[PDB]
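Here you get one chain, nothing else, as structure tokens; it is the form deposited in one PDB entry.
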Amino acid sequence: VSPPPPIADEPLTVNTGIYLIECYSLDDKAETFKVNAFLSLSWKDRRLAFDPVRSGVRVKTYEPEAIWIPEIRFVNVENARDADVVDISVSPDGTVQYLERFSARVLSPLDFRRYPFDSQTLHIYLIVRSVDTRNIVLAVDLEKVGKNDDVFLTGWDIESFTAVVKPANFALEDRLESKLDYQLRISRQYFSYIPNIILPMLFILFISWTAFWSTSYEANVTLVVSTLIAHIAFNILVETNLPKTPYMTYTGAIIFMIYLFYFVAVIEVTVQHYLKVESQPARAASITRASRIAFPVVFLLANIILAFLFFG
């Protein structure tokens, strides 16, 4: 079995198409995600007679060991894909339709800045292998490419699934090495994050802030320090869901700002008690009345500035 011979130096055109079936196991630390999907290759197959007799108009069924099947290699994968060939339907003429389910572990970078409200773009790269016949070119068949409407990823919604031609631009560049890029755009569902992570932190912070309406030093110390312990425990709780991230993040900036605010509150309580002991109650009362307005307003301004700095 060999590919079709040359006809008139016309470049051989291959119309590929990837039809998604399943997408699962989106691992962040490994920066991978498994896929389970179909694949279609429709290559013009003249000069290989397929019984074009008008009495043989039946669509012929062929096994993999019947003709030359173009072998496409994925660039960013862990191992070679498993070729679970599904069905090949070939007309009495040189027209080819073919479907095959594969499973692979794909490598694709993920950007986790602006983490709870982020979007991603997964990539799949395809190259074609050399052959002794004329040069093989890559083209996209827009009818074949799609998704199964039943692909479910835990916590995301799928926007689009398109394809485009991009030159490989590899340093080897033994030939042109035409390459295909498949882009899967996904968006994270963020609503549950508000009640799960955001509101409890604000409740704890306000419980801490109730110490500006009091004057008992022991009660203030207990309030602020126990609230700090609760904040650390809640950070431990929320650290499990988040992925390990060796760079700065919006949530991390918020956590750091909360730590800073706790430190400043402790300083304010200490100053108030020291003045009250040294008998300057007017100054102590003025400072403790100023704090009640100062803290929430500065917190709001810092949040606005951080939001602008991280979301354009």
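Residue positions are given as counts along the sequence shown, with the first one as 1. Under this definition, the rigid core comprises the largest set of C-alpha atoms superposing within 1.5 Å between the forms.
Only in words, not in the display: the form deposited in another entry, which the text now covers.
- Fit the rigid core and compare the CA positions between this form and the one not shown: of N241, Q189, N79, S216, just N241 moves by 2 angstroms or more.
- Annotation for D174: C-alpha shift of 2 angstroms or more between this form and the one not shown, rigid core superposed.
- For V131, a C-alpha deviation of 2 angstroms or more is recorded between this form and the one not shown after rigid-core alignment.
- Remark: with the core as the superposition reference, the CA shift of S55 between this form and the one not shown reaches 2 Å or more.
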